Amino acid sequence: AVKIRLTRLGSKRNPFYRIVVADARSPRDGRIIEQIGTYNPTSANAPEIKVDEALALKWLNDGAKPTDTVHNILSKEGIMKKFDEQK
Amino acid sequence: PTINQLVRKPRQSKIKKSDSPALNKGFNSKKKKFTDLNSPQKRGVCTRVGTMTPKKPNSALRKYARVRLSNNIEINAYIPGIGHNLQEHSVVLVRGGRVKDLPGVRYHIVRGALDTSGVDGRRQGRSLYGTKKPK
Amino acid sequence: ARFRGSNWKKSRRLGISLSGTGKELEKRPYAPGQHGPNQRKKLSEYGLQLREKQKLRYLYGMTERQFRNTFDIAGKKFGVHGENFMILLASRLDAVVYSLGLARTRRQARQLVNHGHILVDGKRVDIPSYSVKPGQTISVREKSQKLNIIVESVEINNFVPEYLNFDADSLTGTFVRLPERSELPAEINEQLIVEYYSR
Amino acid sequence: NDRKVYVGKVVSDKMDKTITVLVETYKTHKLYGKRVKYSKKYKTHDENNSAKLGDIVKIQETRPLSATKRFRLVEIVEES
RNA sequence: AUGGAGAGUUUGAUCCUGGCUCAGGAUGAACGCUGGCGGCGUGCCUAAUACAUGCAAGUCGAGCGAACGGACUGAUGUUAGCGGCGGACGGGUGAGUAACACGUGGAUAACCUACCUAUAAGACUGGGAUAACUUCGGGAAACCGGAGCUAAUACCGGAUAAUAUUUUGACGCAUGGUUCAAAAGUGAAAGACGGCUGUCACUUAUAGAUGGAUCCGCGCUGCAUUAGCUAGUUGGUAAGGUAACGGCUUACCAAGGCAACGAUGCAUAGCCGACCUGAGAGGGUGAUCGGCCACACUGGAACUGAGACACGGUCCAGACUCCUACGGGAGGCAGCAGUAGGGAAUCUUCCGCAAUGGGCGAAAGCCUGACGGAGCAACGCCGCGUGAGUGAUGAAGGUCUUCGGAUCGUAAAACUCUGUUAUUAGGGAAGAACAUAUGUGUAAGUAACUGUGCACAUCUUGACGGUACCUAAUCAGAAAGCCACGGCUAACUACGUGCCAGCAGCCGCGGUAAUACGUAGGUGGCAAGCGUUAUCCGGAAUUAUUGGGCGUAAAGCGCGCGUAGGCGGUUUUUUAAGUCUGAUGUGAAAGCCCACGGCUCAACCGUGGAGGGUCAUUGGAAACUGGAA
């Protein structure tokens, strides 16, 4: 459909991810619709999430749906809760 | 030229003849026409082996050979170094660069590489000539 | 080492000491080899502009490409160009382990940093060209403080510059503030290098 | 949104409902910076055929309407 | 301010003009000689030549029947089939294409969109068949032909139903618009749950999100020794049909359109962000990465679908390759490895879906040559080494000698010191975050419940990989070559040879006293590399916009009449096209640059800026250029 997913950056053995609003038909690393956030699974204490929380609610409200570990990410922000709520 | 003259007809530069021109061609065997490659060496096979005499003041008897290349163009190529071993139907690698004295010779045969051998007792720029390191 | 050739013959050919000084250019203070003892001719522009690259570079043991790859970082900064080159090489890590007296020569203060003894800021660093900066802490590793050549080297050093401190017990430096041209090796005309690399 | 307009001059009239305008423009010349003048004939469409040859008129653009016509007459502006 | 070097070579000597050559940076390079290690990359540029072999797309028994097969009634399968969806994504390659192909700014009151998301309304009643299966036949395969059966969320007939089509009334050109009130026609599904309802299938109407299509403005290869190009061509008028406008066609008409601002022809080419070189101006280029486009043995076509005229679909025509009981059957690496050919030249028939993404399914799971790793190659970049300290710059040896000496040379023995690496011998990361299940709350919906969504805390697991990495022990052991040495252009002597053998970028050298040829000492430059060749940019102001000339060095046409085109005195008023100044919208990301963070440093990686347009729209100014009076 339109998804909300992660791209892959970095170098070998050392990944970084941008958090992306794409489209499902696209290749992982190519065409997107917007960028929303950032994520760094490898750095020290816990990963550094970082994610603009008012574009992401625009797009959950329009359709996009999140892939399965961008559902563990927009969770720690309680973004997936303010979306729940505005009933 | 005034600026209207350089707007109607504009300035055009000049074109670079190469040296080495038979290295810029290859042969498509099946469609059966030439192709352009810009290669640094080409392989050949020798069709003569002789010696020429130089020019204006120089004097010697200088070893050279006629060799037809992979595209099917034919050329004379100087054989450097001091000894050699070429016969008829040898397989040589040819490279750019002309010898000034000889009229009309403008390639060099890479010593070292295919059928050709290195030179027999060289020690000091041994990697032209390609010879291997003694002991 | 990379050069690790013979440092008196390079000291006779260029004309600076390159070491603990003087000793190299005593009995025979001319260039080396068979036409050695016999009158020098004159050197050209290129002749002379190159003697200064090669002076500043055989001092600090660098090679080319590392020497030249530094030359234009130095010339990224603001300032005058050919004195940040002089500064940024003062700040190398085996160059700071020498200005502190931790070792007695420059080819040896690189086998310290290389062989893994030095530990800037608490952490082992073994990269002779690490580029330490104002406020860091050169120390010594801990199983390596009763190496003979360390206590013997620190007594007789007698001198430490003024952008470095050195707590002579603990073995511990600081690298306080950047240097300034008034203190860096002095037989070195630095615009004979900036004009060599604009050729 | 709005659709681009031009001002012109009619350089033919022989077709039927259909006049050809010439619009005049200008380009500098990226290397010697003097400007030049050029022109380009927009075929435009008028119905109950009014304007005449040589005559400053004005034309707007629209959906494609024959093989070559894409504009239509809006307003004459003056003749002789 | 951050930016700009030349030198040789035409004379007996000189000052010019003018070529030529060198010194710099680049590269998917090749070649010759040598080679210790690690990290990040890159690697058929040639015949879009032909391909052997294994794999690159499947999934759902919560739609359904099975002679199904079978725990134990037959759990679970799905061996097979019917149905549903995906197969149009991802992967490869540039043959063709000078084209609205592509880039950049606009319009479509000339358009299409499955799923996703919302918001409503619904799902009504009937039927006929048929796979698989079974039983007879054939056929060399390839398969086929009858019957006799049986399901389905398969198929169909109506029921009702909008804004559906028609006929009435109440602007940007062909108008748009919504209030009607009549008429013609147009739908659907069950599955697995809990006590009637929740879940996820359907159907119709609207929107939104997304993915397309069309048209225009402008930019964007050369060649006149390529000057005329077209005939649906150019308009009109109807009719078709298209999702949509349109010669898009078909008639009937008219005789148009286009073109020296280059119609036409011809040659060549994917394009771009970007890249290389230059102080810049410019010049060259479009590997690897992203966006777009085109193509899939070759030429024609249509089916199915929301979407294809379809790399692992179909049919036909052609050439090839294979099989055959000769009648006929099968194919197609420009997927990933790999093979042959060709070329100077370019890698494993490698492992795993662990992460990241997609397809199908409630999910669990499954599929993935996408991807993630690992191999190969000094192919490039970047970092570390091959010791360090003292020590006679004398041993004894090489090379020279003015025979006294000089040089190699602090170099070596010599004593010490350390362990980067190397070795063995022990520990040993991150990359992960879950999905799902399990509980507990909460919210909505409920007669209530199952469930649903959210919030939590629990359980699980890493291909690489025992790969980093660490800590000991041990030992200076095992780790440097290649090109110079005439002048340009750092670095010289001896000897051999004697216009010979040779060398040479240019100038030139060699004809028994060559720093130019060979070798040997010494030097010098660089370094796991160093030379050579091919190509591009600079130097070259040697196409000159920056930044050139025509008396005599190359160069004013033999001279007129003149057509386009270019350029033009003074003053005033107005206009605002060029000019100048704003505000916005954009010129994707990655680059480039600057700042900063993370890598032991560095290469590298990650963030935030800055820059970048003959750009669009909308305001202001009015000197100049232009337009008017």
# chains A, B, ... in the order shown; residues from 1 in each chain; ligands from 1
$ residues_around --residues "segment 23-32 of chain A" --least-positions-apart "3" --cutoff "6 Å" --atoms "only C-alpha atoms (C1' of nucleotides)" --output "NGL selection string"
(:A and (1-3 or 7)) or (:E and (89 or 357))
$ residues_around --residues "segment 20-33 of chain D" --least-positions-apart "6" --cutoff "8 Å" --atoms "only C-alpha atoms (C1' of nucleotides)" --output "number ranges by chain"
B: 3, 6-7; D: 6-13, 39-44; E: 545, 614
$ write_last_selection --atoms "C-alpha atoms (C1' of nucleotides)" --output "PDB file, in the first residue's frame"
ATOM      1  CA  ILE B   3      30.375  40.190 -31.224  1.00  0.00           C
ATOM      2  CA  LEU B   6      30.938  35.593 -33.155  1.00  0.00           C
ATOM      3  CA  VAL B   7      27.357  34.942 -32.798  1.00  0.00           C
TER       4      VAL B   7
ATOM      5  CA  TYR D   6       0.703  35.895 -25.276  1.00  0.00           C
ATOM      6  CA  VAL D   7       0.469  38.808 -27.650  1.00  0.00           C
ATOM      7  CA  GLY D   8       0.982  38.381 -31.277  1.00  0.00           C
ATOM      8  CA  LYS D   9       0.670  39.304 -34.872  1.00  0.00           C
ATOM      9  CA  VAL D  10      -1.170  37.414 -37.502  1.00  0.00           C
ATOM     10  CA  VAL D  11       0.879  36.077 -40.340  1.00  0.00           C
ATOM     11  CA  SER D  12      -1.689  34.086 -42.055  1.00  0.00           C
ATOM     12  CA  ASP D  13      -5.277  33.716 -42.682  1.00  0.00           C
ATOM     13  CA  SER D  39      10.093  34.179 -33.244  1.00  0.00           C
ATOM     14  CA  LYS D  40       7.843  31.181 -33.387  1.00  0.00           C
ATOM     15  CA  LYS D  41       4.544  30.690 -35.054  1.00  0.00           C
ATOM     16  CA  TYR D  42       1.731  29.639 -32.778  1.00  0.00           C
ATOM     17  CA  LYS D  43      -1.232  28.303 -34.759  1.00  0.00           C
ATOM     18  CA  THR D  44      -4.337  29.592 -33.044  1.00  0.00           C
TER      19      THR D  44
ATOM     20  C1'   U E 545      33.671  36.188 -23.655  1.00  0.00           C
ATOM     21  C1'   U E 614      18.614  32.889 -19.087  1.00  0.00           C
TER      22        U E 614
END
$ atom_distance --atom1 "atom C1' of residue 121 of chain E" --atom2 "atom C1' of residue 452 of chain E"
23.2 Å
$ atom_distance --atom1 "atom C1' of residue 487 of chain E" --atom2 "atom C1' of residue 516 of chain E"
10.9 Å
$ residues_around --residues "residue 501 of chain E" --least-positions-apart "3" --cutoff "12 Å" --atoms "only C-alpha atoms (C1' of nucleotides)" --output "PyMOL selection string"
(chain B and resi 59-63+81-83) or (chain E and resi 496-498+510+517-518)
$ closest_residue --among "C:139, C:99, C:114, C:66" --to "chain E" --atoms "only C-alpha atoms (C1' of nucleotides)"
C:114
$ residues_around --residues "residue 25 of chain C" --least-positions-apart "2" --cutoff "9 Å" --atoms "only C-alpha atoms (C1' of nucleotides)" --output "PyMOL selection string"
chain C and resi 8+11-12+15-17+21-23+27-30
$ write_last_selection --atoms "N, CA, C and O atoms" --output "CSV table (one decimal), in the first residue's frame"
chain,number,residue,atom,x,y,z
C,8,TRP,N,73.0,9.7,9.7
C,8,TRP,CA,74.1,10.6,9.6
C,8,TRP,C,74.3,11.0,8.2
C,8,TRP,O,74.6,12.2,7.9
C,11,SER,N,72.0,13.7,7.2
C,11,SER,CA,72.3,14.9,8.0
C,11,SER,C,73.4,15.6,7.4
C,11,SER,O,73.5,16.9,7.5
C,12,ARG,N,74.3,14.9,6.8
C,12,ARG,CA,75.4,15.6,6.1
C,12,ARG,C,75.0,16.2,4.8
C,12,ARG,O,75.5,17.2,4.4
C,15,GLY,N,71.5,20.2,5.4
C,15,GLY,CA,72.5,20.7,6.4
C,15,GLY,C,72.1,20.9,7.8
C,15,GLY,O,72.5,21.8,8.5
C,16,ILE,N,71.1,20.2,8.3
C,16,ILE,CA,70.8,20.4,9.7
C,16,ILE,C,71.1,19.2,10.5
C,16,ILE,O,71.4,18.1,9.9
C,17,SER,N,71.0,19.3,11.8
C,17,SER,CA,71.4,18.2,12.6
C,17,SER,C,70.6,17.0,12.4
C,17,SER,O,71.0,16.0,11.9
C,21,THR,N,72.0,17.5,19.2
C,21,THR,CA,72.4,18.1,17.9
C,21,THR,C,73.9,18.1,17.8
C,21,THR,O,74.7,17.6,18.6
C,22,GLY,N,74.3,18.5,16.6
C,22,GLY,CA,75.7,18.7,16.2
C,22,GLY,C,76.3,17.5,15.8
C,22,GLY,O,76.8,17.5,14.7
C,23,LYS,N,76.2,16.4,16.5
C,23,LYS,CA,77.1,15.4,16.4
C,23,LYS,C,77.3,14.8,15.1
C,23,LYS,O,78.4,14.4,14.7
C,27,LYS,N,83.2,15.6,12.0
C,27,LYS,CA,84.5,15.3,11.2
C,27,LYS,C,84.3,15.6,9.8
C,27,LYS,O,85.1,16.3,9.2
C,28,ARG,N,83.2,15.1,9.2
C,28,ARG,CA,82.9,15.3,7.7
C,28,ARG,C,81.6,16.0,7.6
C,28,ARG,O,80.5,15.3,7.5
C,29,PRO,N,81.6,17.4,7.4
C,29,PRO,CA,80.3,18.1,7.3
C,29,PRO,C,79.9,18.4,5.9
C,29,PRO,O,79.2,19.4,5.6
C,30,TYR,N,80.2,17.5,4.9
C,30,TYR,CA,79.8,17.6,3.5
C,30,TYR,C,79.0,16.4,3.1
C,30,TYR,O,78.9,15.5,3.9
$ interface_residues --of "chain E" --to "chain A" --cutoff "12 Å" --atoms "only C-alpha atoms (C1' of nucleotides)" --output "number ranges by chain"
E: 39-41, 88-91, 114-118, 207-211, 289-292, 355-359, 370-373, 429-436, 442-444, 453-456, 464, 467-468, 588-590, 598-599, 604-607
$ decode --residues "chain D" --atoms "C-alpha atoms" --output "compact mmCIF listing (two decimals), in the first residue's frame"
# COMPACT_ATOMS: atom_id res chain seq x y z
CA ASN D 1 -5.21 28.04 -11.74
CA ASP D 2 -4.54 29.93 -14.76
CA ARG D 3 -3.54 29.57 -18.33
CA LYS D 4 -0.74 31.39 -20.05
CA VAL D 5 -1.33 34.19 -22.53
CA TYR D 6 0.70 35.89 -25.28
CA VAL D 7 0.47 38.81 -27.65
CA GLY D 8 0.98 38.38 -31.28
CA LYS D 9 0.67 39.30 -34.87
CA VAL D 10 -1.17 37.41 -37.50
CA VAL D 11 0.88 36.08 -40.34
CA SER D 12 -1.69 34.09 -42.05
CA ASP D 13 -5.28 33.72 -42.68
CA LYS D 14 -5.72 31.22 -45.40
CA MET D 15 -7.04 28.39 -43.35
CA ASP D 16 -10.50 28.41 -42.09
CA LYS D 17 -11.23 29.23 -38.49
CA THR D 18 -7.53 29.11 -38.11
CA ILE D 19 -4.96 31.89 -38.01
CA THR D 20 -1.23 31.73 -37.40
CA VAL D 21 0.32 34.19 -34.99
CA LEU D 22 4.00 35.05 -34.64
CA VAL D 23 5.18 35.80 -31.13
CA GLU D 24 8.48 37.51 -30.76
CA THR D 25 11.03 36.74 -28.08
CA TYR D 26 14.72 37.01 -27.20
CA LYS D 27 17.48 34.93 -25.76
CA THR D 28 20.87 35.94 -24.50
CA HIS D 29 23.60 33.74 -25.72
CA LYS D 30 25.33 31.87 -22.93
CA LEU D 31 28.89 32.63 -24.09
CA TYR D 32 29.02 36.14 -25.48
CA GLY D 33 26.01 37.51 -23.58
CA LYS D 34 24.33 39.63 -26.33
CA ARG D 35 20.64 38.99 -26.82
CA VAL D 36 19.02 37.82 -30.01
CA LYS D 37 15.59 38.03 -31.29
CA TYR D 38 13.57 35.17 -32.56
CA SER D 39 10.09 34.18 -33.24
CA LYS D 40 7.84 31.18 -33.39
CA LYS D 41 4.54 30.69 -35.05
CA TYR D 42 1.73 29.64 -32.78
CA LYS D 43 -1.23 28.30 -34.76
CA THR D 44 -4.34 29.59 -33.04
CA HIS D 45 -8.03 29.12 -33.63
CA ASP D 46 -10.74 31.70 -34.28
CA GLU D 47 -14.25 30.87 -35.22
CA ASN D 48 -16.42 33.27 -37.12
CA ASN D 49 -13.18 34.33 -38.65
CA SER D 50 -12.49 37.91 -37.60
CA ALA D 51 -8.86 39.04 -37.40
CA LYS D 52 -6.88 39.78 -40.52
CA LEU D 53 -3.38 39.43 -41.75
CA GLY D 54 -0.92 41.65 -39.97
CA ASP D 55 -2.79 42.44 -36.78
CA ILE D 56 -1.79 42.55 -33.12
CA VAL D 57 -3.91 39.98 -31.27
CA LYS D 58 -3.87 37.96 -28.08
CA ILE D 59 -4.20 34.24 -27.47
CA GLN D 60 -4.63 31.81 -24.66
CA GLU D 61 -3.78 28.11 -24.54
CA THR D 62 -5.99 25.07 -24.31
CA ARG D 63 -6.63 21.46 -24.88
CA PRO D 64 -5.41 19.95 -27.91
CA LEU D 65 -7.63 20.67 -30.71
CA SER D 66 -6.30 19.59 -33.89
CA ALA D 67 -3.05 18.15 -35.03
CA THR D 68 -1.30 21.35 -34.47
CA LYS D 69 -3.57 23.88 -32.72
CA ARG D 70 -3.42 24.50 -29.04
CA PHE D 71 -4.50 28.13 -28.51
CA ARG D 72 -7.52 30.33 -29.05
CA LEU D 73 -8.27 33.90 -29.88
CA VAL D 74 -9.29 36.19 -27.13
CA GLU D 75 -9.36 39.76 -28.31
CA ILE D 76 -8.31 41.68 -31.28
CA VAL D 77 -6.28 44.73 -30.61
CA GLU D 78 -5.79 46.78 -33.83
CA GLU D 79 -5.34 46.79 -37.65
CA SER D 80 -5.09 48.78 -40.97
